[PDB]
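Residue numbers (the entry's author numbering): 20 to 85.
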């Protein structure tokens with residue numbers, strides 16, 4: 020299944036979540052902005068997907084599992 024969603028970029032976050040669940044049904048779909056991940060916590064999350072959205076809760080960038 021998928022762990023990256025380049026297809027969602029330019030789409031709605033809730034739909035993105037639907038897709039992400041389609042791919043990874045059990046996914047912990049989280050939200051932040053673009054590919055701006057600096058200030059993070061421990062090792063990868065094949066459980067979670069963070070969502071990089073814009074001011075219009077759309078997918079600004081490729082949201083990824085971990």
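For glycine and all other residues, C-beta sits at the position ideal for the given N, C-alpha and C.
Q. Using the beta-carbon count (16 or more within 10 Å), is residue 55 buried or exposed?
A. exposed
**Q.** For residue 33, three-class secondary structure by DSSP
**A.** Residue state, collapsed to three classes: helix.
Q: Tell me where the beta strand (DSSP E) around residue 56 begins and ends.
A: No beta strand (DSSP E) contains residue 56, which DSSP labels as neither H nor E.
Q | Straight-line gap, residue 34 to residue 52 (C-alpha atoms, nearest Å) | A | 16 Å
(Q) Contact criterion: CB-CB distance below 9 Å. Does residue 36 meet it with respect to chain B? (A) Structure shown: chain B not included; a single protein chain is present.
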